[PDB]
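Undergrad: Mind having a look at this structure? Questions to follow.
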Amino acid sequence: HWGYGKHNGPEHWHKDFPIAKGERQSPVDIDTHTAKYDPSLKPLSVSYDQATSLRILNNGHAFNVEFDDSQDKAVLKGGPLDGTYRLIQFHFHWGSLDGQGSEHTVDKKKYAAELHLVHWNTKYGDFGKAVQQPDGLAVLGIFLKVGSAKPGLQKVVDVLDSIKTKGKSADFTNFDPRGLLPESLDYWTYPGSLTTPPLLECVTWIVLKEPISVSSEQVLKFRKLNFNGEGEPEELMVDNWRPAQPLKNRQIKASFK
Ligand SMILES: NS(=O)(=O)c1ccc(CNC(=O)COc2ccc3ccc(=O)oc3c2)cc1
Ligand SMILES: [Zn+2]
């Protein structure tokens, strides 16, 4: 099955998922000089005050913090989006060293990690139906750089010891994702895909320009997780990122001048 190793990593995914070579794959490099300011874009509306987190899960490729999406509680709207998108989960991609880890890049710069807050379009009823539509998902991407600690991340970091291996989960209620946002909501946006199999081309990507800072100790704790299950040979969960894909016939639009 697919993963991030030499024998099953991103270069191999097209054999089981031919859409890997498709026309709107993610992530991409964001060339800041070529992205055009679009004055018709609106400010992003991030309404997380009623977010209800439930659980954190190691799925063998990252860890997901899962939310109650049975009602309009935490929603993303505005920006490039039409309609209402419900938060279902967030997760990260990160590197073995601080010089790599993000999926999107900015003028070829790689950040240490990248947070993805995943939302689905409520006009399609459920997540599984949404991923079958070109406007089914909105993913908010936030870069992480290593410097000062992010206080709002520490509750995530301190639970990772309890979900070290694939298939482990832990209760994770009352976590506030507003503590993971940077000050500015300036963003780039383009049409793309899921960055892991099945690589479906259903995502409006919204990537924030301002990164958040996390400490070296915080990201070192990410790198102690395992891709393997309990009792199996230890394979550290590092470098779980897909590299940039061809932009093809797409324009990246900037919300800011
Ligand atoms: N990194 S990202 O872009 O933010 C991102 C990436 C992915 C998701 C949601 N995940 C999925 O859709 C996977 O679904 C699957 C995969 C494999 C099988 C194998 C057998 C089978 O029968 O069912 C399957 C169903 C959300 C956000
Ligand atoms: Zn992701």
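Lettering and numbering for the structure tokens are positional, with chains as A, B, ... in the shown order, residues counted from 1 in each chain, and ligands counted from 1 in the shown order.
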Quick one: pick out all alpha helix (DSSP H) residues within region 8-256 of chain A from a backbone DSSP run and write them as JSON, numbers by chain.
TA: {"A": [127, 128, 129, 130, 154, 155, 156, 157, 158, 159, 216, 217, 218, 219, 220, 221, 222]}
Undergrad: Residues as selected, C-alpha atoms, written as a short mmCIF file (atom, residue, chain, number, x, y, z; two decimals), in the first residue's frame, can you do that?
TA:
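out00.cif, written as the output of this step:
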data_model
loop_
_atom_site.label_atom_id
_atom_site.label_comp_id
_atom_site.auth_asym_id
_atom_site.auth_seq_id
_atom_site.Cartn_x
_atom_site.Cartn_y
_atom_site.Cartn_z
CA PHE A 127 -17.83 14.30 3.21
CA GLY A 128 -17.86 11.21 1.00
CA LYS A 129 -20.17 12.91 -1.48
CA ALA A 130 -18.23 16.19 -1.29
CA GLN A 154 1.21 22.26 23.09
CA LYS A 155 -1.95 20.29 23.94
CA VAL A 156 -1.54 18.45 20.61
CA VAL A 157 2.17 17.83 21.24
CA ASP A 158 1.59 16.40 24.72
CA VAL A 159 -0.98 13.79 23.60
CA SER A 216 12.20 22.95 17.95
CA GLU A 217 11.01 20.83 20.89
CA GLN A 218 7.44 20.87 19.56
CA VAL A 219 8.34 19.63 16.09
CA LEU A 220 10.82 17.12 17.54
CA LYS A 221 7.84 15.49 19.24
CA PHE A 222 6.06 15.14 15.85
#
Undergrad: List as a ChimeraX atom specification the protein and nucleic acid residues lying within 12 Å of ligand 2, with only C-alpha atoms and all ligand atoms counted.
TA: /A:26-27,61-64,89-94,101-104,113-119,138-143,193-197,199,203,205,207,240-243
Undergrad: As a ChimeraX atom specification, list the residues of region 117-171 of chain A assigned to strand (DSSP E) by DSSP on the backbone atoms of this structure.
TA: /A:117-121,137-146,169-171
Undergrad: Find the residues around residue 77 (chain A) up to 10 Å (only C-alpha atoms counted), leave out those fewer than 4 positions away in its own chain, and share them as a list in words.
TA: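 What passes the distance filter is residues 42, 43, 44, 45, 46, 47, 81, 82, 83, 84, 85, 86, 119, 121 and 138 of chain A.
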Undergrad: At a cut-off of 12 Å, using only C-alpha atoms, what residues contact residue 12 (chain A)? Leave out same-chain residues fewer than 2 positions from it and give the result as a PyMOL selection string.
TA: chain A and resi 1-10+14-18+20-21+196-197+242
Undergrad: How would the residues just picked look written out with N, CA, C and O atoms as a short mmCIF file (atom, residue, chain, number, x, y, z; two decimals), in the first residue's frame?
TA:
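Contents of the output file again02.cif:
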data_model
loop_
_atom_site.label_atom_id
_atom_site.label_comp_id
_atom_site.auth_asym_id
_atom_site.auth_seq_id
_atom_site.Cartn_x
_atom_site.Cartn_y
_atom_site.Cartn_z
N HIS A 1 0.85 -1.18 0.00
CA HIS A 1 0.00 0.00 0.00
C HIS A 1 0.89 1.22 0.00
O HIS A 1 2.01 1.17 0.30
N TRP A 2 0.28 2.35 -0.25
CA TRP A 2 1.04 3.57 -0.46
C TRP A 2 1.58 4.10 0.86
O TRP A 2 1.02 3.87 1.93
N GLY A 3 2.69 4.84 0.76
CA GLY A 3 3.26 5.52 1.90
C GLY A 3 4.26 6.57 1.47
O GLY A 3 4.07 7.23 0.44
N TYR A 4 5.34 6.73 2.24
CA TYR A 4 6.34 7.74 1.96
C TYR A 4 7.74 7.13 1.95
O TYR A 4 8.73 7.80 2.26
N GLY A 5 7.84 5.85 1.61
CA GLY A 5 9.13 5.19 1.52
C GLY A 5 9.67 5.17 0.10
O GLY A 5 9.02 5.58 -0.85
N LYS A 6 10.89 4.63 -0.03
CA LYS A 6 11.53 4.54 -1.35
C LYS A 6 10.74 3.64 -2.29
O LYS A 6 10.74 3.86 -3.51
N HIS A 7 10.04 2.65 -1.75
CA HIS A 7 9.37 1.68 -2.58
C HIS A 7 7.88 1.94 -2.73
O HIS A 7 7.25 1.35 -3.61
N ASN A 8 7.32 2.84 -1.91
CA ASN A 8 5.90 3.11 -2.01
C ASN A 8 5.54 4.62 -1.91
O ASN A 8 4.40 4.93 -1.72
N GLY A 9 6.54 5.46 -2.10
CA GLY A 9 6.35 6.88 -1.93
C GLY A 9 5.69 7.58 -3.10
O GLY A 9 5.21 6.94 -4.05
N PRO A 10 5.65 8.92 -3.05
CA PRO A 10 4.86 9.70 -4.03
C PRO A 10 5.14 9.40 -5.50
O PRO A 10 4.24 9.53 -6.33
N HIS A 14 1.04 6.89 -8.79
CA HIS A 14 0.26 6.91 -10.02
C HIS A 14 -0.16 5.52 -10.47
O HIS A 14 -1.15 5.39 -11.19
N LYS A 15 0.56 4.48 -10.04
CA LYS A 15 0.24 3.13 -10.51
C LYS A 15 -1.11 2.66 -9.98
O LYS A 15 -1.90 2.08 -10.72
N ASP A 16 -1.41 2.93 -8.70
CA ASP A 16 -2.74 2.64 -8.18
C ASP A 16 -3.72 3.80 -8.32
O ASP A 16 -4.93 3.56 -8.27
N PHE A 17 -3.23 5.03 -8.50
CA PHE A 17 -4.09 6.23 -8.55
C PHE A 17 -3.66 7.08 -9.74
O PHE A 17 -2.92 8.05 -9.59
N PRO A 18 -4.10 6.72 -10.95
CA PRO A 18 -3.60 7.42 -12.14
C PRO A 18 -3.87 8.91 -12.16
O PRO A 18 -3.16 9.64 -12.86
N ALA A 20 -2.91 10.84 -10.19
CA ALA A 20 -1.68 11.48 -9.70
C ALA A 20 -0.99 12.33 -10.76
O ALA A 20 -0.25 13.26 -10.42
N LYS A 21 -1.19 12.00 -12.04
CA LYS A 21 -0.64 12.76 -13.16
C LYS A 21 -1.69 13.66 -13.81
O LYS A 21 -1.58 14.00 -15.00
N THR A 196 -2.86 13.24 -0.63
CA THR A 196 -2.61 11.82 -0.42
C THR A 196 -3.63 11.04 -1.24
O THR A 196 -4.70 11.56 -1.57
N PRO A 197 -3.34 9.78 -1.56
CA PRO A 197 -4.35 8.95 -2.22
C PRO A 197 -5.67 8.99 -1.47
O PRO A 197 -5.70 8.92 -0.22
N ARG A 242 4.11 15.27 0.19
CA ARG A 242 4.18 15.12 -1.26
C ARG A 242 4.89 16.32 -1.86
O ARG A 242 4.60 17.46 -1.47
#
Undergrad: Write out as a PyMOL selection string which residues come within 10 Å of residue 224 (chain A) when counting only C-alpha atoms, dropping same-chain ones fewer than 3 positions away.
TA: chain A and resi 160-161+164-165+219-221+227+235-238
Undergrad: At a cut-off of 8 Å, using only C-alpha atoms, what residues contact residue 54 (chain A)? Leave out same-chain residues fewer than 6 positions from it and give the result as an NGL selection string.
TA: :A and (65-68 or 171-174)
Undergrad: Mind pulling up the distance from CA of residue 211 (chain A) to CA of residue 146 (chain A)?
TA: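 It comes out at 9.9 Å.
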Undergrad: Go through A:148, A:213, A:40, A:132 and flag the residue nearest ligand 1, using only C-alpha atoms and all ligand atoms for the distances.
TA: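 That would be A:132, the residue with the smallest distance to ligand 1.
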Undergrad: From the set A:175, A:188, A:13, A:37, which residue has the shortest atom-to-atom contact distance to ligand 1, counting only C-alpha atoms and all ligand atoms?
TA: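 Of the candidates, the smallest distance to ligand 1 is held by A:13.
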Undergrad: So, counting only C-alpha atoms, which residue among A:110, A:257, A:168, A:55 is closest to residue 28 (chain A)?
TA: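 Using only C-alpha atoms, residue 28 (chain A) sits closest to A:110.
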Undergrad: Closest to ligand 1 among A:246, A:229, A:80, A:191, using only C-alpha atoms and all ligand atoms?
TA: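 Comparing A:246, A:229, A:80, A:191 against ligand 1, the winner is A:191.
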Undergrad: Quote the spacing between CA of residue 133 (chain A) and CA of residue 166 (chain A) in Å to one decimal place.
TA: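 Between CA of residue 133 (chain A) and CA of residue 166 (chain A) the gap works out to 29.5 Å.
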Undergrad: When you draw a straight line from atom 24 (C, counted along the ligand's line) of ligand 1 to CA of residue 249 (chain A), how long is it in Å?
TA: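 Spanning atom 24 (C, counted along the ligand's line) of ligand 1 to CA of residue 249 (chain A) is a straight-line distance of 28.4 Å.
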Undergrad: Go through A:202, A:76, A:232, A:145 and flag the residue nearest residue 109 (chain A), using only C-alpha atoms for the distances.
TA: A:145
Undergrad: For residue 208 (chain A), which residue among A:253, A:73, A:33, A:150 is the nearest when counting only C-alpha atoms?
TA: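 When distances to residue 208 (chain A) are compared using only C-alpha atoms, the smallest one comes from A:253.
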